[PDB]
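Next up: a single chain in structure tokens, the form deposited in one PDB entry.
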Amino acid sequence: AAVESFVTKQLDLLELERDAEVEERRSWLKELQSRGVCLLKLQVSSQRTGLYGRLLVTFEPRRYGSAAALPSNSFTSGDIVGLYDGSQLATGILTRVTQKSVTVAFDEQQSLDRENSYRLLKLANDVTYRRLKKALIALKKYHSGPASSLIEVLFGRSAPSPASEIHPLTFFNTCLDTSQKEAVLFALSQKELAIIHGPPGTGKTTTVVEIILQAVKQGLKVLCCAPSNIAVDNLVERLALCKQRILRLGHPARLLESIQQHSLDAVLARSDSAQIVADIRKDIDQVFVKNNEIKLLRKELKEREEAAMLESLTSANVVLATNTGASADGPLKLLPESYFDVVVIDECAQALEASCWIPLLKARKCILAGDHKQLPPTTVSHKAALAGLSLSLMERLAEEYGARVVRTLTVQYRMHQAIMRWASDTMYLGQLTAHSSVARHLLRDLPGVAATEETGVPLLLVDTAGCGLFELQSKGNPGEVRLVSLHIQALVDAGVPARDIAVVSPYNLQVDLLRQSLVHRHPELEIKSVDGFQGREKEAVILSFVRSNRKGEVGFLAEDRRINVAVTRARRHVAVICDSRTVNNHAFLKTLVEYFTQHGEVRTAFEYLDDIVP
């Protein structure tokens, strides 16, 4: 069918990816590394247990035995690492990374001492690809189970079965607006597929939660997935507010801290498993004797553990995991197939479609939510990107079916209408609407915050042109750093706390840049890329487009959705700092600066900076 060609082409697009990633891996011989994908002169600096009965050790670099340190390749939280003294000393996972620390959670096996020197290696992992391969296959080789119907629908085979016409709804959330209502109504009344298209600020998660509550009222069992841990946990922390009985699939690493309590790991540590661990010590006391043994009784952990987690999985109404966390080799394997009734994928338009097929083969209905007019899933292979990996299951369907399967939230509760309209008129067909409560709010309306030229204006653009604030293989721009700084200080002086402000540029260079010249004078001020700031919001957001050159080159500021995302992070105030001259060679980017100048209060670097040779 369409599947046994989809799956066959999709595996292709997939190997193009793995390969394009094993390229920029095996390419960049033991110094070029620490830049980088490696940490050396690591001294051990703390040892404890935690999370949950693991070995949490902390490290810090030791130049000539003292500073500093760390230049790490972000070496971000949740990364799998090596650890060397010889060769492979163990394996563990990354809890946090400071520019002084890095802490790693070891799953135990032995110590390990202060009076040594260590190395730490970011390892690569084939699991995400392995499981994506395994998904697609199963989709290909699907008999006649429950997902069968839904499959046909997501692939043209057959059309959408009619409405299940749920008896009208007593809503838990009464302050719900009408778009959200037709949405919720419609999702529960489908039968194979409902798509919640939720633009920035429309309360898409208020809407999904409401859906899930109804589902549990009808006595339905739910799998709730998303591509990232951050997004799952969004839902996990909202479900938990509504008292719902919920389980979140480990590893707790990895997991929002406010919520460890809900991971399969914590539940399992609330017994009954003072017994299973009572003998965890057994097995460790017979690798000692020594001087068929363990096998004899490791059959006991199998049943015991798999007994408890089967129980816990059963006693929850909503089970939550990452798309790839719902792998048929994860805890979901203890459930008979036919266990879940619906599967919600939040942030679907932001995830490889092949992942979605992991959680998707487990229900016979699914709700998809997200905003395909913001960032698509990331692709390392340009070639796959053109071939359509960067296409989301949600987008594809949205393009195909339209209002036959999509319901779209329209009142938004974040942005002042000025900001609101750009994105609206620009990316969402001129249909967004401010809630009568956000449409006129500015920073001067905040408490402690004085009225001011800035704190009193929703939009603002300070121009690089033509003061020759040129750039300089990511992209920085000293002229812009400098500028934000001042506007930053204009905001913090007018009252605005830094905790309520964020600075966002598209390039990682401008970021470290911005950070270096900012972190110390404003510790609680978030500085991050646009891709590292999705879903977030702030009272005031300072953008930095960075690109200024005579050549007219915008880089990837051309990717429309990125820009959209960026502008929509602001509630009461977005100040864009770009170069009029260069930025204008891209239509979208132009009608933006055009907007900022029609209904905005604009300025030119001139008003801000002393040295001026045009």
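Here, rigid core means the biggest group of C-alpha atoms that superpose within 1.5 Å across both forms. Numbers follow the displayed sequence, beginning with 1.
The same protein has a further form, the form deposited in another entry, not shown here; the description that follows concerns it.
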Residue from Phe533, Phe75, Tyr428, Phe186 whose Cα, after superposing the rigid core, lies 2 Å or more away between the shown form and the other one: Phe75
Residue shift check between the shown form and the other one, rigid core fit, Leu39 Cα at least 2 Å: yes
Comparing between the shown form and the other one on the rigid core, is the C-alpha shift at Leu589 2 Å or larger? no
If I superpose the two forms on their rigid core, does the C-alpha of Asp285 end up displaced by 2 Å or more between the shown form and the other one? yes
Where do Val97 and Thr324 end up in that other deposited form, Cα atoms closer or farther than shown, with a change of 3 Å or more? closer
